[PDB]
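For reference, the structure discussed in these notes is given below.
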Ligand SMILES: CCC[C@@H](Cc1ccc(OC)c(CNC(=O)c2ccc(C(F)(F)F)cc2)c1)C(=O)O
């Protein structure tokens with residue numbers, strides 16, 4: 001048992017590294033100790049950042065969308081490396097990605113966040129929490145709850161090897177609506193959960209019940225996603241091919 | 001056997017086939033099974049005249065109604081193609097303006113490539129394969145509507161002789177989207193680097209899938225000139241329609257695609 005699992009963990013770490021350029025380890029190095037990122041903390045600072053790297057709030061939102069669309073392709077590539085994933089019914093793969101990417105985006109965004117701001121543009125920029133929060137409604141309230149989640153998530157002190165398995169657990173959720181064959185999805189998730197548990201026991205022997213605590217974070221994640229989607233709807237009180245891409 | 005480099009190309013081929021099946025709900029495989037009688041469950045209702053057309057409805061003017069139907073389907077196809085385009089590695093990382101440009105010039109060449117899958121020399125599948133409208137009925141519509149589809153049929157018959165399957169088409173459609181010689185492109189190099197890779201993958205795919213088909217790769221690439229000619233002829237036909245039929249509406253997505261094409 002405890003060998004297929006080590007294999008699974010290593011396999012997923014290696015694939016996570018290929019798929020996601022900006023790892024947590026590299027993000028934390030930048031957020032602390034070498035060559036500093038460009039800090040966007042103001043309206044004038046944002047203006048200059050676009051030279052270095054509609055009005056203002058709209059351009060920032062549209063930027064997050066371009067990045068999210070990129071991230072969806074990175075996550076999809078990652079998914080296809082999870083053993084058993086490509087052997088699932090194709091409708092079910094599409095369903096799992098459709099309902100999983102938002103949860104994964106915000107999980108991974110926490111790797112680029114501290115309590116004072118978030119890394120952007122592959123770590124070249126840093127947009128402050130206070131700047132994002134100052135944006136006029138409804139655009140001032142879209143990142144804040146991701147910051148509150150991130151602070152709580154980051155207290156677990158997970159590393160990229162832990163996160164690789166956790167992301168996979170998220171993708172293989174058998175409770176997504178419209179799934180046709182739930183059995184093999186839950187069978188794969190069981191194996192991934194086993195791998196995650198062992199990974200966290202070996203990697204974090206002094207953090208009691210880290211496995212449990214990580215799983216409980218799924219509750220705040222789905223909350224964040226549901227309220228985000230409702231903000232996206234409210235956004236409909238504010239180029240044809242361009243809107244098609246998004 | 002295969003080597004590391006040709007192995008990466010196979011993975012690319014498989015990724016693109018997989019995304020094609022997820023993005024396009026009516027494949028060539030399904031279209032051929034409907035057209036060739038692999039069926040008591042999948043046979044289409046045939047529209048060959050006005051009364052057939054009437055009877056087909058439970059499933060103004062006839063020429064305009066069919067034309068409005070094509071427009072609508074064209075808008076759907078653009079949505080499907082745009083979703084496919086996102087899956088092509090590197091595409092979403094390109095400059096946003098270039099993504100729009102590649103789609104603008106790409107989508108119709110792709111629409112007509114895939115339309116061939118739904119066609120034989122006698123007609124075309126419609127309404128997700130539930131109906132089949134004859135080439136003769138379409139050709140009989142009052143001018144200039146009777147001219148719209150004939151060039152698509154001529155191309156299709158010649159294109160279908162290549163006997164490409166969906167795994168082949170998936171890489172070819174990607175090659176179409178990622179052309180660095182589209183007008184107005186800001187950053188050509190990254191586009192060409194992606195197409196290089198796509199071309200290598202198409203080439204190997206055609207060698208493996210059709211080993212007895214000499215220069216299929218070259219012959220398929222040559223067909224890109226036919227697609228371009230179809231697009232241009234089609235656009236000149238729409239300008240005539242827009243002027244003779246002041247009461248007919250062209251969808252803004254389609255209008256933006258054609259704007260200064
Ligand atoms: C004016 C609209 C013409 C299109 C070109 C076009 C796009 C898609 C097409 O179908 C895949 C076609 C050919 N039309 C059909 O196959 C078709 C015909 C009738 C119907 C309908 F009757 F069901 F509506 C649906 C599709 C043309 C364009 O210029 O964008």
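Count begins at 1; order follows the chain as displayed.
According to its header, this structure was worked out by X-ray crystallography, 2.2 Å.
Backbone N, Cα and C define each Cβ position, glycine as well.
Taken from Swiss-Prot, the feature ubiquitin cross-link covers B:22, and the record attributes it to experimental evidence. Residues or ranges marked as rosiglitazone binding site by Swiss-Prot: B:71, B:72, B:73, B:74, B:108, B:234, B:258. For B:252-260, the entry in Swiss-Prot reads motif '9aaTAD', with the evidence type experimental evidence.
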Can you tell me how many other Cβ atoms are located within 10 Å of the Cβ belonging to residue B:73 (rosiglitazone binding site)?
15
B:22, B:108, B:234 as recorded positions, winner by CB count within 10 A:
B:108
For the motif '9aaTAD' (B:252-260), give the DSSP counts of helix residues, strand residues and coil residues.
7 helix, 0 strand, 2 coil
Please report the DSSP secondary structure of residue B:72 (rosiglitazone binding site), reduced to three states.
helix
My understanding is the cutoff is Cβ-Cβ under 8 Å with a sequence separation of 6 or more in the same chain; which residues meet that for residue B:258 (rosiglitazone binding site)?
B:235, B:238
Recorded positions satisfying Cβ distance under 8 Å to any chain A Cβ, from B:22, B:71, B:72, B:74, B:108:
B:22
Would you mind ranking the binding-site residues B:71, B:72, B:74 by how many other Cβ atoms sit within 10 Å of each Cβ and giving me the lowest?
B:72
Between the Cα atoms of residue B:234 (rosiglitazone binding site) and the residue listed as 'ubiquitin cross-link', what distance do you get, rounded to the nearest Å?
29
